[PDB]
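Just query28.csv here, CSV, N, CA and C atoms and all ligand atoms:
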```
chain,number,residue,atom,x,y,z
A,1,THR,N,0.8,-1.2,0.0
A,1,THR,CA,0.0,0.0,0.0
A,1,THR,C,0.9,1.3,0.0
A,2,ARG,N,0.4,2.3,-0.7
A,2,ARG,CA,1.0,3.6,-0.7
A,2,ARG,C,0.4,4.5,0.3
A,3,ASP,N,-0.7,4.1,1.0
A,3,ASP,CA,-1.4,4.9,1.9
A,3,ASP,C,-0.7,5.0,3.3
A,4,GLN,N,0.0,6.1,3.6
A,4,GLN,CA,0.7,6.3,4.8
A,4,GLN,C,0.0,7.2,5.8
A,5,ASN,N,-1.2,7.5,5.6
A,5,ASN,CA,-2.0,8.3,6.6
A,5,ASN,C,-1.9,7.7,7.9
A,6,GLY,N,-1.8,8.6,8.9
A,6,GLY,CA,-2.0,8.1,10.3
A,6,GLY,C,-1.2,8.9,11.3
A,7,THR,N,-1.5,8.6,12.6
A,7,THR,CA,-0.6,9.0,13.7
A,7,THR,C,0.2,7.8,14.0
A,8,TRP,N,1.5,7.9,14.0
A,8,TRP,CA,2.5,6.8,14.1
A,8,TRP,C,3.3,7.0,15.3
A,9,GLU,N,3.3,6.0,16.2
A,9,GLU,CA,4.1,6.0,17.4
A,9,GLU,C,5.3,5.1,17.3
A,10,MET,N,6.4,5.6,17.7
A,10,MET,CA,7.7,4.9,17.5
A,10,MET,C,7.7,3.6,18.4
A,11,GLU,N,8.0,2.5,17.8
A,11,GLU,CA,8.3,1.3,18.5
A,11,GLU,C,9.8,0.9,18.5
A,12,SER,N,10.5,1.3,17.4
A,12,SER,CA,11.9,0.9,17.4
A,12,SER,C,12.7,2.0,16.7
A,13,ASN,N,14.0,2.2,17.2
A,13,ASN,CA,14.9,3.3,16.7
A,13,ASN,C,16.3,2.7,16.7
A,14,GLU,N,17.0,2.7,15.6
A,14,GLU,CA,18.3,2.1,15.5
A,14,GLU,C,19.2,3.1,14.8
A,15,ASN,N,20.4,3.4,15.4
A,15,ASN,CA,21.4,4.3,14.9
A,15,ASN,C,20.9,5.7,14.7
A,16,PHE,N,20.0,6.1,15.5
A,16,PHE,CA,19.5,7.5,15.4
A,16,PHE,C,20.7,8.5,15.7
A,17,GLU,N,21.6,8.1,16.6
A,17,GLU,CA,22.7,9.0,16.9
A,17,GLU,C,23.7,9.1,15.7
A,18,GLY,N,23.9,8.0,15.1
A,18,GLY,CA,24.9,8.0,13.9
A,18,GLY,C,24.4,8.9,12.8
A,19,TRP,N,23.1,8.9,12.6
A,19,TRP,CA,22.5,9.8,11.6
A,19,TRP,C,22.7,11.2,12.0
A,20,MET,N,22.4,11.5,13.3
A,20,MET,CA,22.5,12.9,13.8
A,20,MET,C,23.9,13.4,13.7
A,21,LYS,N,24.9,12.5,14.1
A,21,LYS,CA,26.3,12.9,14.0
A,21,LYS,C,26.7,13.2,12.5
A,22,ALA,N,26.2,12.5,11.6
A,22,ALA,CA,26.5,12.7,10.2
A,22,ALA,C,26.0,14.1,9.7
A,23,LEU,N,25.0,14.6,10.4
A,23,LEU,CA,24.4,15.9,10.1
A,23,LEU,C,25.1,17.0,10.9
A,24,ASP,N,26.0,16.6,11.8
A,24,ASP,CA,26.8,17.6,12.6
A,24,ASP,C,26.0,18.2,13.7
A,25,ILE,N,24.9,17.6,14.1
A,25,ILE,CA,24.2,18.1,15.3
A,25,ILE,C,25.1,18.0,16.5
A,26,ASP,N,25.0,19.1,17.3
A,26,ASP,CA,26.0,19.3,18.4
A,26,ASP,C,25.8,18.2,19.5
A,27,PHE,N,26.8,18.0,20.3
A,27,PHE,CA,26.8,16.9,21.3
A,27,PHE,C,25.6,17.0,22.2
A,28,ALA,N,25.3,18.2,22.7
A,28,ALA,CA,24.3,18.3,23.7
A,28,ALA,C,22.9,17.9,23.1
A,29,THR,N,22.6,18.5,22.0
A,29,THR,CA,21.3,18.1,21.3
A,29,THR,C,21.3,16.6,21.0
A,30,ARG,N,22.3,16.0,20.5
A,30,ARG,CA,22.4,14.6,20.2
A,30,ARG,C,22.1,13.8,21.4
A,31,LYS,N,22.8,14.1,22.5
A,31,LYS,CA,22.7,13.3,23.7
A,31,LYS,C,21.3,13.3,24.3
A,32,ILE,N,20.6,14.4,24.2
A,32,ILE,CA,19.2,14.4,24.7
A,32,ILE,C,18.3,13.7,23.7
A,33,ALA,N,18.5,14.1,22.4
A,33,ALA,CA,17.5,13.6,21.4
A,33,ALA,C,17.5,12.1,21.2
A,34,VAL,N,18.7,11.4,21.4
A,34,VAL,CA,18.8,10.0,21.2
A,34,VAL,C,17.9,9.2,22.2
A,35,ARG,N,17.6,9.8,23.3
A,35,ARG,CA,16.9,9.1,24.4
A,35,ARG,C,15.4,9.0,24.0
A,36,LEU,N,14.9,9.8,23.1
A,36,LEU,CA,13.5,10.1,23.1
A,36,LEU,C,12.6,9.3,22.2
A,37,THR,N,11.4,9.0,22.6
A,37,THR,CA,10.4,8.4,21.7
A,37,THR,C,9.8,9.4,20.8
A,38,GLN,N,9.6,9.0,19.5
A,38,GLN,CA,9.1,9.9,18.5
A,38,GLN,C,7.7,9.6,18.1
A,39,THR,N,7.0,10.6,17.5
A,39,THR,CA,5.7,10.5,16.9
A,39,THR,C,5.8,11.1,15.5
A,40,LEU,N,5.2,10.4,14.5
A,40,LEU,CA,5.1,10.9,13.2
A,40,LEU,C,3.6,11.0,12.8
A,41,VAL,N,3.2,12.2,12.4
A,41,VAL,CA,1.8,12.4,11.9
A,41,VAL,C,1.9,12.7,10.4
A,42,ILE,N,1.2,11.8,9.7
A,42,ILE,CA,1.2,12.0,8.2
A,42,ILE,C,-0.3,12.2,7.7
A,43,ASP,N,-0.5,13.3,7.0
A,43,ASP,CA,-1.7,13.6,6.3
A,43,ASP,C,-1.4,13.5,4.9
A,44,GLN,N,-2.1,12.6,4.2
A,44,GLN,CA,-1.8,12.3,2.8
A,44,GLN,C,-3.1,12.3,2.0
A,45,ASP,N,-3.1,13.1,1.0
A,45,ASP,CA,-4.3,13.1,0.0
A,45,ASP,C,-3.7,13.2,-1.4
A,46,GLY,N,-3.8,12.1,-2.1
A,46,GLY,CA,-3.2,12.1,-3.4
A,46,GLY,C,-1.7,12.3,-3.3
A,47,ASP,N,-1.2,13.3,-4.0
A,47,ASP,CA,0.3,13.6,-3.9
A,47,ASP,C,0.6,14.5,-2.8
A,48,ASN,N,-0.4,15.1,-2.1
A,48,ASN,CA,-0.1,16.1,-1.1
A,48,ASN,C,0.1,15.5,0.3
A,49,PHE,N,1.2,15.8,0.8
A,49,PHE,CA,1.6,15.3,2.1
A,49,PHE,C,1.8,16.4,3.1
A,50,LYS,N,1.4,16.2,4.3
A,50,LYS,CA,1.8,17.1,5.4
A,50,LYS,C,2.4,16.1,6.5
A,51,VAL,N,3.6,16.3,6.9
A,51,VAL,CA,4.3,15.4,7.8
A,51,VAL,C,4.8,16.2,9.0
A,52,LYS,N,4.6,15.6,10.2
A,52,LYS,CA,5.1,16.2,11.4
A,52,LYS,C,5.8,15.2,12.2
A,53,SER,N,7.0,15.5,12.6
A,53,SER,CA,7.8,14.6,13.4
A,53,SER,C,7.9,15.3,14.8
A,54,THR,N,7.6,14.6,15.9
A,54,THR,CA,7.6,15.3,17.2
A,54,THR,C,8.2,14.4,18.2
A,55,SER,N,8.7,15.0,19.3
A,55,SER,CA,9.1,14.4,20.5
A,55,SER,C,8.9,15.4,21.6
A,56,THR,N,9.3,15.1,22.8
A,56,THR,CA,9.2,16.2,23.8
A,56,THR,C,10.3,17.3,23.6
A,57,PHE,N,11.1,17.1,22.6
A,57,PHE,CA,12.3,18.0,22.4
A,57,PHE,C,12.2,18.7,21.1
A,58,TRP,N,11.5,18.3,20.1
A,58,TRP,CA,11.5,19.0,18.8
A,58,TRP,C,10.1,18.8,18.1
A,59,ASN,N,9.9,19.8,17.2
A,59,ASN,CA,8.8,19.7,16.3
A,59,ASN,C,9.4,20.0,14.9
A,60,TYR,N,9.3,19.1,14.0
A,60,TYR,CA,9.8,19.3,12.6
A,60,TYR,C,8.7,18.9,11.6
A,61,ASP,N,8.2,20.0,10.9
A,61,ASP,CA,7.1,19.8,10.0
A,61,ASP,C,7.5,20.2,8.6
A,62,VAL,N,7.0,19.4,7.6
A,62,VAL,CA,7.2,19.7,6.2
A,62,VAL,C,6.0,19.3,5.4
A,63,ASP,N,5.7,20.1,4.4
A,63,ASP,CA,4.6,19.9,3.5
A,63,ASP,C,5.2,19.7,2.1
A,64,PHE,N,4.8,18.7,1.3
A,64,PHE,CA,5.3,18.6,0.0
A,64,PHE,C,4.3,17.9,-0.9
A,65,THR,N,4.5,18.0,-2.2
A,65,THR,CA,3.8,17.3,-3.3
A,65,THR,C,4.7,16.3,-3.9
A,66,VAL,N,4.3,15.1,-4.0
A,66,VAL,CA,5.0,14.0,-4.6
A,66,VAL,C,5.3,14.5,-6.1
A,67,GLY,N,6.5,14.4,-6.5
A,67,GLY,CA,6.9,14.7,-7.9
A,67,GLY,C,7.2,16.1,-8.2
A,68,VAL,N,7.2,17.0,-7.1
A,68,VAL,CA,7.4,18.4,-7.3
A,68,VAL,C,8.6,18.8,-6.5
A,69,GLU,N,9.7,19.2,-7.1
A,69,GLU,CA,10.9,19.6,-6.4
A,69,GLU,C,10.6,20.8,-5.6
A,70,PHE,N,11.2,20.9,-4.4
A,70,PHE,CA,11.0,22.1,-3.6
A,70,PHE,C,12.3,22.4,-2.8
A,71,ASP,N,12.6,23.7,-2.8
A,71,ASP,CA,13.7,24.2,-2.0
A,71,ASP,C,13.3,24.2,-0.5
A,72,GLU,N,14.3,23.9,0.4
A,72,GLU,CA,14.0,23.6,1.8
A,72,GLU,C,15.1,24.2,2.7
A,73,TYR,N,14.7,24.8,3.8
A,73,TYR,CA,15.6,25.1,4.9
A,73,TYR,C,15.3,24.1,6.0
A,74,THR,N,16.3,23.4,6.5
A,74,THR,CA,16.0,22.3,7.4
A,74,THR,C,15.9,22.8,8.8
A,75,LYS,N,15.8,24.1,9.0
A,75,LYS,CA,15.2,24.7,10.3
A,75,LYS,C,15.9,24.1,11.5
A,76,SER,N,15.1,23.6,12.5
A,76,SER,CA,15.7,23.2,13.8
A,76,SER,C,16.4,21.9,13.7
A,77,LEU,N,16.6,21.3,12.6
A,77,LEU,CA,17.4,20.1,12.5
A,77,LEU,C,18.9,20.5,12.4
A,78,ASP,N,19.3,20.8,11.2
A,78,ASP,CA,20.7,21.2,11.0
A,78,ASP,C,20.9,22.6,10.2
A,79,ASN,N,19.8,23.3,10.1
A,79,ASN,CA,19.9,24.7,9.5
A,79,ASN,C,20.7,24.7,8.2
A,80,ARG,N,20.3,23.9,7.3
A,80,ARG,CA,20.9,23.9,5.9
A,80,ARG,C,19.9,24.0,4.8
A,81,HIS,N,20.4,24.5,3.7
A,81,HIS,CA,19.5,24.7,2.5
A,81,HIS,C,19.7,23.4,1.6
A,82,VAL,N,18.6,22.8,1.2
A,82,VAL,CA,18.6,21.7,0.3
A,82,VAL,C,17.6,21.8,-0.7
A,83,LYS,N,17.8,21.1,-1.8
A,83,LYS,CA,16.7,20.9,-2.9
A,83,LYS,C,16.1,19.6,-2.7
A,84,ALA,N,14.9,19.5,-2.3
A,84,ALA,CA,14.2,18.3,-1.9
A,84,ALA,C,13.3,17.8,-3.0
A,85,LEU,N,13.1,16.4,-3.1
A,85,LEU,CA,12.2,15.8,-4.0
A,85,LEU,C,11.7,14.5,-3.4
A,86,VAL,N,10.4,14.3,-3.4
A,86,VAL,CA,9.8,13.1,-2.9
A,86,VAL,C,9.1,12.4,-4.0
A,87,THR,N,9.4,11.1,-4.2
A,87,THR,CA,8.8,10.3,-5.3
A,87,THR,C,8.6,8.9,-4.8
A,88,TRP,N,7.8,8.1,-5.6
A,88,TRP,CA,7.5,6.7,-5.3
A,88,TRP,C,8.5,5.8,-6.1
A,89,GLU,N,9.0,4.8,-5.4
A,89,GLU,CA,9.7,3.6,-6.0
A,89,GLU,C,8.8,2.4,-5.6
A,90,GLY,N,7.9,2.0,-6.5
A,90,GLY,CA,7.0,1.0,-6.0
A,90,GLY,C,6.1,1.6,-5.0
A,91,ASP,N,6.0,1.0,-3.8
A,91,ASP,CA,5.3,1.6,-2.7
A,91,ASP,C,6.3,2.1,-1.6
A,92,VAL,N,7.5,2.3,-1.9
A,92,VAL,CA,8.5,3.0,-1.0
A,92,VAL,C,8.5,4.5,-1.4
A,93,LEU,N,8.2,5.4,-0.4
A,93,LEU,CA,8.2,6.8,-0.6
A,93,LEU,C,9.7,7.3,-0.3
A,94,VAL,N,10.3,7.9,-1.3
A,94,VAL,CA,11.7,8.2,-1.3
A,94,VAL,C,11.9,9.7,-1.4
A,95,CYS,N,12.7,10.2,-0.4
A,95,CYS,CA,13.1,11.6,-0.4
A,95,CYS,C,14.6,11.8,-0.6
A,96,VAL,N,14.9,12.6,-1.6
A,96,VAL,CA,16.3,12.9,-1.8
A,96,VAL,C,16.5,14.4,-1.6
A,97,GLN,N,17.4,14.8,-0.7
A,97,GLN,CA,17.7,16.2,-0.4
A,97,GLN,C,19.1,16.5,-0.9
A,98,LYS,N,19.1,17.2,-2.0
A,98,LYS,CA,20.4,17.6,-2.6
A,98,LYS,C,21.0,18.8,-1.9
A,99,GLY,N,22.3,18.7,-1.6
A,99,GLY,CA,23.0,19.8,-0.9
A,99,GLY,C,24.4,19.4,-0.5
A,100,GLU,N,24.8,20.0,0.7
A,100,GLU,CA,26.1,19.8,1.2
A,100,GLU,C,26.4,18.3,1.5
A,101,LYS,N,25.4,17.6,2.0
A,101,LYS,CA,25.5,16.2,2.4
A,101,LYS,C,25.3,15.2,1.3
A,102,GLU,N,26.0,14.2,1.2
A,102,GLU,CA,25.8,13.1,0.3
A,102,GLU,C,24.7,12.1,0.8
A,103,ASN,N,24.1,11.4,-0.1
A,103,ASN,CA,23.1,10.3,0.3
A,103,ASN,C,22.1,10.8,1.4
A,104,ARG,N,21.7,12.0,1.3
A,104,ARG,CA,20.8,12.6,2.3
A,104,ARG,C,19.3,12.5,1.9
A,105,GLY,N,18.5,11.9,2.8
A,105,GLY,CA,17.1,11.9,2.6
A,105,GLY,C,16.5,10.8,3.5
A,106,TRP,N,15.4,10.2,3.0
A,106,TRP,CA,14.7,9.2,3.8
A,106,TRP,C,13.9,8.3,2.8
A,107,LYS,N,13.5,7.2,3.4
A,107,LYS,CA,12.6,6.3,2.7
A,107,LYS,C,11.5,5.9,3.7
A,108,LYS,N,10.3,5.8,3.3
A,108,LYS,CA,9.2,5.3,4.2
A,108,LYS,C,8.3,4.3,3.5
A,109,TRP,N,8.0,3.2,4.2
A,109,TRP,CA,7.0,2.2,3.6
A,109,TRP,C,6.2,1.6,4.7
A,110,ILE,N,5.1,1.0,4.2
A,110,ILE,CA,4.1,0.3,5.1
A,110,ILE,C,4.3,-1.2,5.1
A,111,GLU,N,4.4,-1.8,6.2
A,111,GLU,CA,4.4,-3.3,6.3
A,111,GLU,C,3.3,-3.6,7.3
A,112,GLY,N,2.1,-4.1,6.8
A,112,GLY,CA,1.0,-4.3,7.6
A,112,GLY,C,0.5,-3.1,8.3
A,113,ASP,N,0.4,-3.1,9.6
A,113,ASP,CA,0.0,-2.0,10.4
A,113,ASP,C,1.1,-1.2,11.0
A,114,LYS,N,2.3,-1.2,10.3
A,114,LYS,CA,3.5,-0.5,10.8
A,114,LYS,C,4.1,0.3,9.7
A,115,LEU,N,4.7,1.4,10.1
A,115,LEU,CA,5.4,2.3,9.1
A,115,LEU,C,6.9,2.1,9.4
A,116,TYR,N,7.7,1.8,8.4
A,116,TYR,CA,9.1,1.7,8.4
A,116,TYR,C,9.8,2.9,7.8
A,117,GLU,N,10.9,3.3,8.4
A,117,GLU,CA,11.5,4.6,7.9
A,117,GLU,C,13.0,4.3,7.9
A,118,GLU,N,13.7,4.8,6.9
A,118,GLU,CA,15.1,4.9,6.9
A,118,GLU,C,15.5,6.4,6.8
A,119,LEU,N,16.3,6.9,7.7
A,119,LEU,CA,16.9,8.2,7.5
A,119,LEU,C,18.4,8.1,7.2
A,120,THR,N,18.8,8.7,6.1
A,120,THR,CA,20.1,8.6,5.6
A,120,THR,C,20.9,9.9,5.5
A,121,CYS,N,22.2,9.8,5.8
A,121,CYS,CA,23.1,10.9,5.6
A,121,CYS,C,24.5,10.4,5.6
A,122,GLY,N,25.2,10.7,4.5
A,122,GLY,CA,26.6,10.2,4.4
A,122,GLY,C,26.5,8.7,4.3
A,123,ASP,N,27.3,8.0,5.1
A,123,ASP,CA,27.3,6.6,5.2
A,123,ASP,C,26.5,6.0,6.3
A,124,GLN,N,25.7,6.9,7.0
A,124,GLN,CA,24.9,6.5,8.1
A,124,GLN,C,23.4,6.2,7.7
A,125,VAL,N,22.9,5.2,8.3
A,125,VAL,CA,21.4,4.8,8.1
A,125,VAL,C,20.8,4.6,9.4
A,126,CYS,N,19.8,5.4,9.7
A,126,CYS,CA,19.0,5.2,10.9
A,126,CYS,C,17.7,4.4,10.5
A,127,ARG,N,17.4,3.4,11.2
A,127,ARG,CA,16.2,2.6,10.8
A,127,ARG,C,15.2,2.7,12.0
A,128,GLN,N,13.9,3.0,11.6
A,128,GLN,CA,12.9,3.2,12.6
A,128,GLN,C,11.6,2.4,12.2
A,129,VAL,N,10.8,2.0,13.2
A,129,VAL,CA,9.6,1.4,13.0
A,129,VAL,C,8.5,2.1,13.9
A,130,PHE,N,7.4,2.4,13.4
A,130,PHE,CA,6.3,3.0,14.0
A,130,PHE,C,5.0,2.1,14.0
A,131,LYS,N,4.2,2.1,15.0
A,131,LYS,CA,3.0,1.4,15.0
A,131,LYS,C,1.8,2.4,14.8
A,132,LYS,N,0.8,2.0,14.0
A,132,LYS,CA,-0.3,2.9,13.7
A,132,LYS,C,-1.1,3.1,14.9
A,133,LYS,N,-1.3,4.3,15.4
A,133,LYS,CA,-2.1,4.4,16.6
A,133,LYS,C,-3.6,4.2,16.5
A,201,LIG,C1,9.8,11.6,7.4
A,201,LIG,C2,10.5,11.8,8.7
A,201,LIG,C3,11.1,13.0,8.9
A,201,LIG,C4,10.9,14.1,7.9
A,201,LIG,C5,11.8,13.1,10.2
A,201,LIG,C6,12.1,12.1,11.2
A,201,LIG,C7,12.9,12.6,12.4
A,201,LIG,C8,13.1,14.0,12.1
A,201,LIG,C9,13.8,14.9,13.0
A,201,LIG,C10,13.7,16.2,13.0
A,201,LIG,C11,14.4,17.0,13.9
A,201,LIG,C12,15.3,16.4,14.7
A,201,LIG,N1,16.1,17.2,15.7
A,201,LIG,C13,16.0,18.6,16.2
A,201,LIG,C14,17.1,18.3,17.1
A,201,LIG,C15,17.0,16.9,16.8
A,201,LIG,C16,15.4,15.0,14.8
A,201,LIG,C17,14.7,14.3,13.9
A,201,LIG,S1,12.5,14.4,10.7
```

Do you think you could lay out the structure here as structure tokens?
Amino acid sequence: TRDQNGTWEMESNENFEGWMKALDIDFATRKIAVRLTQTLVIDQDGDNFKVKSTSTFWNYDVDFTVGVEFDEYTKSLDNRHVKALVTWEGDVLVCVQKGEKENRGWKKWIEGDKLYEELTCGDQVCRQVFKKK
């Protein structure tokens, strides 16, 4: 399924700190953020997505249209400018963020009642699993 609508509560997080270090997030922020359970809220209608990543420590929101390139400031993550594009590879939703960092972006897909996420930067991959609330 390509339908990723829902409120998604984190059940597994792997190598989150490696991904953050690859983005040059400072020590203090990394040490707090790695501890935390995350929530992902996805509103999806056709190509139009609104995504919100949250914890007790951050709120990171982005809106995009599948297949439409958009310029992006990564705001409270690593404050960088990137050229972003989200597309489908089968039923994997793939984001490529072109800029200073190589291999930067993410992939999301549904397995049953769970959402699987890869966050990539450089040679680091963070793997996450969320359960549909
Ligand atoms: C599709 C998933 C996305 C866009 C994200 C998943 C985790 C994100 C995120 C955003 C900000 C932060 N930080 C602020 C200090 C740490 C961590 C993770 S976005």

Separation of atom C of residue 117 of chain A from atom N of residue 60 of chain A in Å: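 Going from atom N of residue 60 of chain A over to atom C of residue 117 of chain A, I get 16.4 Å.
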
Residue among A:1, A:38, A:85, A:61 lying closest to residue 111 of chain A, counting all atoms listed in the file: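 Ranking A:1, A:38, A:85, A:61 by distance to residue 111 of chain A, first place goes to A:1.
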
Point (-0.1, 14.3, -5.3) neighbourhood (6 Å, only N, CA and C atoms) written as a PyMOL selection string: chain A and resi 45-48+65-66

Closest-contact table, chain A side, partner ligand LIG 201 (chain A), 6 Å, counting all atoms listed in the file, as a Markdown table:
```
| residue | atom | partner | partner_atom | distance |
| --- | --- | --- | --- | --- |
| A:29 | CA | A:LIG201 | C14 | 5.9 |
| A:33 | CA | A:LIG201 | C15 | 5.7 |
| A:53 | CA | A:LIG201 | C5 | 5.3 |
| A:58 | CA | A:LIG201 | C13 | 5.2 |
| A:59 | C | A:LIG201 | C11 | 5.9 |
| A:60 | CA | A:LIG201 | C10 | 5.0 |
| A:76 | C | A:LIG201 | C13 | 4.2 |
| A:77 | CA | A:LIG201 | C13 | 4.2 |
```

Surrounding residues of residue 36 of chain A excluding itself and chain neighbours under 5 positions, 8 Å, all atoms listed in the file, as a ChimeraX atom specification: /A:31,54-57

Kindly save the residues from that selection, with N, CA and C atoms included, as a short mmCIF file (atom, residue, chain, number, x, y, z; two decimals), in the frame of the given file.
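This went into out_1.cif:
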```
data_model
loop_
_atom_site.label_atom_id
_atom_site.label_comp_id
_atom_site.auth_asym_id
_atom_site.auth_seq_id
_atom_site.Cartn_x
_atom_site.Cartn_y
_atom_site.Cartn_z
N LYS A 31 22.80 14.10 22.50
CA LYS A 31 22.70 13.30 23.70
C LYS A 31 21.30 13.30 24.30
N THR A 54 7.60 14.60 15.90
CA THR A 54 7.60 15.30 17.20
C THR A 54 8.20 14.40 18.20
N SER A 55 8.70 15.00 19.30
CA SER A 55 9.10 14.40 20.50
C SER A 55 8.90 15.40 21.60
N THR A 56 9.30 15.10 22.80
CA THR A 56 9.20 16.20 23.80
C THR A 56 10.30 17.30 23.60
N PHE A 57 11.10 17.10 22.60
CA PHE A 57 12.30 18.00 22.40
C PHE A 57 12.20 18.70 21.10
#
```

Between atom CA of residue 114 of chain A and atom CA of residue 20 of chain A - distance in Å to one decimal: 23.4 Å

Atom-to-atom span, atom CA of residue 24 of chain A and atom CA of residue 41 of chain A, Å: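 Between atom CA of residue 24 of chain A and atom CA of residue 41 of chain A the gap works out to 25.5 Å.
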
Shell of 8 Å around residue 95 of chain A, only N, CA and C atoms, local chain residues under 5 positions omitted, as a ChimeraX atom specification: /A:84-88,103-108

Secondary structure check, alpha helix (DSSP H) residues of chain A, as a PDB file with N, CA and C atoms, in the coordinates of the input:
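Heads up, here's the output in states.pdb:
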```pdb
ATOM      1  N   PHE A  16      20.000   6.100  15.500  1.00  0.00           N
ATOM      2  CA  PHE A  16      19.500   7.500  15.400  1.00  0.00           C
ATOM      3  C   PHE A  16      20.700   8.500  15.700  1.00  0.00           C
ATOM      4  N   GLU A  17      21.600   8.100  16.600  1.00  0.00           N
ATOM      5  CA  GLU A  17      22.700   9.000  16.900  1.00  0.00           C
ATOM      6  C   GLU A  17      23.700   9.100  15.700  1.00  0.00           C
ATOM      7  N   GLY A  18      23.900   8.000  15.100  1.00  0.00           N
ATOM      8  CA  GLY A  18      24.900   8.000  13.900  1.00  0.00           C
ATOM      9  C   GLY A  18      24.400   8.900  12.800  1.00  0.00           C
ATOM     10  N   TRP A  19      23.100   8.900  12.600  1.00  0.00           N
ATOM     11  CA  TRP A  19      22.500   9.800  11.600  1.00  0.00           C
ATOM     12  C   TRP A  19      22.700  11.200  12.000  1.00  0.00           C
ATOM     13  N   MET A  20      22.400  11.500  13.300  1.00  0.00           N
ATOM     14  CA  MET A  20      22.500  12.900  13.800  1.00  0.00           C
ATOM     15  C   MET A  20      23.900  13.400  13.700  1.00  0.00           C
ATOM     16  N   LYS A  21      24.900  12.500  14.100  1.00  0.00           N
ATOM     17  CA  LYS A  21      26.300  12.900  14.000  1.00  0.00           C
ATOM     18  C   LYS A  21      26.700  13.200  12.500  1.00  0.00           C
ATOM     19  N   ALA A  22      26.200  12.500  11.600  1.00  0.00           N
ATOM     20  CA  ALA A  22      26.500  12.700  10.200  1.00  0.00           C
ATOM     21  C   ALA A  22      26.000  14.100   9.700  1.00  0.00           C
ATOM     22  N   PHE A  27      26.800  18.000  20.300  1.00  0.00           N
ATOM     23  CA  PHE A  27      26.800  16.900  21.300  1.00  0.00           C
ATOM     24  C   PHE A  27      25.600  17.000  22.200  1.00  0.00           C
ATOM     25  N   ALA A  28      25.300  18.200  22.700  1.00  0.00           N
ATOM     26  CA  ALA A  28      24.300  18.300  23.700  1.00  0.00           C
ATOM     27  C   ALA A  28      22.900  17.900  23.100  1.00  0.00           C
ATOM     28  N   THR A  29      22.600  18.500  22.000  1.00  0.00           N
ATOM     29  CA  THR A  29      21.300  18.100  21.300  1.00  0.00           C
ATOM     30  C   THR A  29      21.300  16.600  21.000  1.00  0.00           C
ATOM     31  N   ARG A  30      22.300  16.000  20.500  1.00  0.00           N
ATOM     32  CA  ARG A  30      22.400  14.600  20.200  1.00  0.00           C
ATOM     33  C   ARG A  30      22.100  13.800  21.400  1.00  0.00           C
ATOM     34  N   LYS A  31      22.800  14.100  22.500  1.00  0.00           N
ATOM     35  CA  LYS A  31      22.700  13.300  23.700  1.00  0.00           C
ATOM     36  C   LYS A  31      21.300  13.300  24.300  1.00  0.00           C
ATOM     37  N   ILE A  32      20.600  14.400  24.200  1.00  0.00           N
ATOM     38  CA  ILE A  32      19.200  14.400  24.700  1.00  0.00           C
ATOM     39  C   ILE A  32      18.300  13.700  23.700  1.00  0.00           C
ATOM     40  N   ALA A  33      18.500  14.100  22.400  1.00  0.00           N
ATOM     41  CA  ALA A  33      17.500  13.600  21.400  1.00  0.00           C
ATOM     42  C   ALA A  33      17.500  12.100  21.200  1.00  0.00           C
TER      43      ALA A  33
END
```

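The closest residue to residue 71 of chain A, picked from A:43, A:4, A:34, A:83 and counting all atoms listed in the file, is A:83.
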